[PDB]
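> For reference, this is structure-v8.pdb, and it has PDB, N, CA and C atoms.
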ATOM      1  N   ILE A   1      21.498   1.483  14.901  1.00  0.00           N
ATOM      2  CA  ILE A   1      22.863   1.842  15.388  1.00  0.00           C
ATOM      3  C   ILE A   1      23.112   1.283  16.803  1.00  0.00           C
ATOM      4  N   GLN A   2      23.056  -0.016  16.958  1.00  0.00           N
ATOM      5  CA  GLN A   2      23.301  -0.639  18.295  1.00  0.00           C
ATOM      6  C   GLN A   2      24.153  -1.900  18.090  1.00  0.00           C
ATOM      7  N   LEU A   3      25.186  -1.793  17.294  1.00  0.00           N
ATOM      8  CA  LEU A   3      26.056  -2.975  17.003  1.00  0.00           C
ATOM      9  C   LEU A   3      27.259  -2.997  17.965  1.00  0.00           C
ATOM     10  N   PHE A   4      27.029  -2.815  19.242  1.00  0.00           N
ATOM     11  CA  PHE A   4      28.163  -2.821  20.218  1.00  0.00           C
ATOM     12  C   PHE A   4      28.383  -4.240  20.763  1.00  0.00           C
ATOM     13  N   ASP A   5      27.353  -4.854  21.279  1.00  0.00           N
ATOM     14  CA  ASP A   5      27.485  -6.234  21.851  1.00  0.00           C
ATOM     15  C   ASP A   5      28.025  -7.210  20.812  1.00  0.00           C
ATOM     16  N   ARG A   6      27.329  -7.308  19.723  1.00  0.00           N
ATOM     17  CA  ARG A   6      27.682  -8.276  18.652  1.00  0.00           C
ATOM     18  C   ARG A   6      28.964  -7.939  17.891  1.00  0.00           C
ATOM     19  N   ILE A   7      29.676  -6.908  18.255  1.00  0.00           N
ATOM     20  CA  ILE A   7      30.929  -6.591  17.495  1.00  0.00           C
ATOM     21  C   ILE A   7      32.117  -6.261  18.412  1.00  0.00           C
ATOM     22  N   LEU A   8      32.079  -5.143  19.100  1.00  0.00           N
ATOM     23  CA  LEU A   8      33.267  -4.731  19.919  1.00  0.00           C
ATOM     24  C   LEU A   8      33.026  -4.824  21.431  1.00  0.00           C
ATOM     25  N   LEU A   9      17.477   8.664  22.979  1.00  0.00           N
ATOM     26  CA  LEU A   9      16.592   9.881  23.097  1.00  0.00           C
ATOM     27  C   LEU A   9      17.095  11.083  22.257  1.00  0.00           C
ATOM     28  N   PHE A  10      17.946  11.923  22.811  1.00  0.00           N
ATOM     29  CA  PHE A  10      18.428  13.127  22.062  1.00  0.00           C
ATOM     30  C   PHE A  10      19.799  12.870  21.421  1.00  0.00           C
ATOM     31  N   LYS A  11      20.318  13.857  20.733  1.00  0.00           N
ATOM     32  CA  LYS A  11      21.654  13.718  20.089  1.00  0.00           C
ATOM     33  C   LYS A  11      22.655  14.620  20.839  1.00  0.00           C
ATOM     34  N   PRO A  12      23.849  14.123  21.095  1.00  0.00           N
ATOM     35  CA  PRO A  12      24.954  14.848  21.810  1.00  0.00           C
ATOM     36  C   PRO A  12      25.836  15.618  20.800  1.00  0.00           C
ATOM     37  N   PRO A  13      25.945  16.925  20.965  1.00  0.00           N
ATOM     38  CA  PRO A  13      26.756  17.846  20.095  1.00  0.00           C
ATOM     39  C   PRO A  13      28.209  17.912  20.578  1.00  0.00           C
ATOM     40  N   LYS A  14      28.452  17.564  21.813  1.00  0.00           N
ATOM     41  CA  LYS A  14      29.838  17.621  22.352  1.00  0.00           C
ATOM     42  C   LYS A  14      30.633  16.410  21.862  1.00  0.00           C
ATOM     43  N   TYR A  15      30.066  15.243  21.981  1.00  0.00           N
ATOM     44  CA  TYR A  15      30.773  14.010  21.546  1.00  0.00           C
ATOM     45  C   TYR A  15      30.060  13.395  20.342  1.00  0.00           C
ATOM     46  N   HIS A  16      30.663  12.394  19.766  1.00  0.00           N
ATOM     47  CA  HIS A  16      30.042  11.663  18.621  1.00  0.00           C
ATOM     48  C   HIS A  16      30.183  10.168  18.946  1.00  0.00           C
ATOM     49  N   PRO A  17      29.451   9.729  19.949  1.00  0.00           N
ATOM     50  CA  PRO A  17      29.504   8.346  20.513  1.00  0.00           C
ATOM     51  C   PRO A  17      28.639   7.344  19.765  1.00  0.00           C
ATOM     52  N   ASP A  18      29.255   6.551  18.928  1.00  0.00           N
ATOM     53  CA  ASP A  18      28.515   5.458  18.255  1.00  0.00           C
ATOM     54  C   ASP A  18      28.442   4.407  19.352  1.00  0.00           C
ATOM     55  N   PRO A  19      25.322   5.574  24.170  1.00  0.00           N
ATOM     56  CA  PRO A  19      24.177   6.178  24.915  1.00  0.00           C
ATOM     57  C   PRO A  19      24.594   6.412  26.372  1.00  0.00           C
ATOM     58  N   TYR A  20      24.578   7.647  26.777  1.00  0.00           N
ATOM     59  CA  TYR A  20      25.008   8.055  28.153  1.00  0.00           C
ATOM     60  C   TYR A  20      24.610   7.072  29.272  1.00  0.00           C
ATOM     61  N   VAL A  21      23.391   6.611  29.305  1.00  0.00           N
ATOM     62  CA  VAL A  21      22.968   5.738  30.454  1.00  0.00           C
ATOM     63  C   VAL A  21      22.721   4.285  30.067  1.00  0.00           C
ATOM     64  N   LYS A  22      23.735   3.479  30.194  1.00  0.00           N
ATOM     65  CA  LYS A  22      23.586   2.011  29.942  1.00  0.00           C
ATOM     66  C   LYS A  22      23.877   1.237  31.242  1.00  0.00           C
ATOM     67  N   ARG A  23      24.207   1.931  32.317  1.00  0.00           N
ATOM     68  CA  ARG A  23      24.525   1.248  33.619  1.00  0.00           C
ATOM     69  C   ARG A  23      23.405   0.294  34.014  1.00  0.00           C
ATOM     70  N   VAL A  24      22.207   0.585  33.602  1.00  0.00           N
ATOM     71  CA  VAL A  24      21.064  -0.277  33.984  1.00  0.00           C
ATOM     72  C   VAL A  24      20.223  -0.639  32.758  1.00  0.00           C
ATOM     73  N   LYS A  25      20.699  -0.400  31.544  1.00  0.00           N
ATOM     74  CA  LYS A  25      19.852  -0.780  30.370  1.00  0.00           C
ATOM     75  C   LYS A  25      20.123  -2.244  30.005  1.00  0.00           C
ATOM     76  N   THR A  26      21.364  -2.589  29.767  1.00  0.00           N
ATOM     77  CA  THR A  26      21.702  -4.000  29.399  1.00  0.00           C
ATOM     78  C   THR A  26      21.273  -4.966  30.504  1.00  0.00           C
ATOM     79  N   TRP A  27      21.384  -4.565  31.744  1.00  0.00           N
ATOM     80  CA  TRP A  27      20.994  -5.477  32.859  1.00  0.00           C
ATOM     81  C   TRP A  27      19.497  -5.797  32.761  1.00  0.00           C
ATOM     82  N   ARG A  28      18.677  -4.809  32.487  1.00  0.00           N
ATOM     83  CA  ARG A  28      17.204  -5.059  32.381  1.00  0.00           C
ATOM     84  C   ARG A  28      16.875  -5.798  31.075  1.00  0.00           C
ATOM     85  N   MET A  29      17.789  -5.837  30.135  1.00  0.00           N
ATOM     86  CA  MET A  29      17.520  -6.549  28.850  1.00  0.00           C
ATOM     87  C   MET A  29      17.448  -8.048  29.109  1.00  0.00           C
ATOM     88  N   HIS A  30      18.152  -8.524  30.107  1.00  0.00           N
ATOM     89  CA  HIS A  30      18.104  -9.979  30.422  1.00  0.00           C
ATOM     90  C   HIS A  30      16.964 -10.261  31.406  1.00  0.00           C
ATOM     91  N   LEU A  31      16.039  -9.345  31.548  1.00  0.00           N
ATOM     92  CA  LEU A  31      14.885  -9.577  32.445  1.00  0.00           C
ATOM     93  C   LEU A  31      13.614  -9.371  31.614  1.00  0.00           C
TER      94      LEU A  31
END
Take the structure from the file and write it as structure tokens.

Amino acid sequence: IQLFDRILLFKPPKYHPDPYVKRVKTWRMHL
């Protein structure tokens, strides 16, 4: 379930977001 770029831990009960902290995840992916 990570088809965000190529198209457009726990589970959150308040929202149904098809990940809270990406501010520094994608940046480290290019390293």
> If we count all atoms listed in the file, what is near stretch 16-28 of chain A at a cut-off of 8 Å, once residues fewer than 6 positions away on the same chain are taken out, given as a PyMOL selection string?
chain A and resi 1-4+9
> So how far away is atom N of residue A:31 from atom CA of residue A:10, in Å?
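Straight-line distance from atom CA of residue A:10 to atom N of residue A:31 works out to 24.5 Å.
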> One number please: atom CA of residue A:6 to atom CA of residue A:30, in Å, one decimal.
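Calculated distance between atom CA of residue A:6 and atom CA of residue A:30 is 15.3 Å.
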> How many Å lie between atom CA of residue A:29 and atom N of residue A:11, rounded to one decimal?
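Straight-line distance from atom CA of residue A:29 to atom N of residue A:11 works out to 22.1 Å.
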> Hey, can I get the axis-aligned box for stretch 23-31 of chain A? All listed atoms, 4 Å padding on each side, centre and edge lengths in Å to one decimal, as JSON.

{"center_x": 19.1, "center_y": -4.2, "center_z": 31.4, "size_x": 18.9, "size_y": 20.2, "size_z": 13.2}
> Using DSSP secondary structure from the backbone, list all alpha helix (DSSP H) positions within chain A, as a list in words.
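The alpha helix (DSSP H) residues within chain A come out as residues 25, 26, 27, 28 and 29 of chain A.
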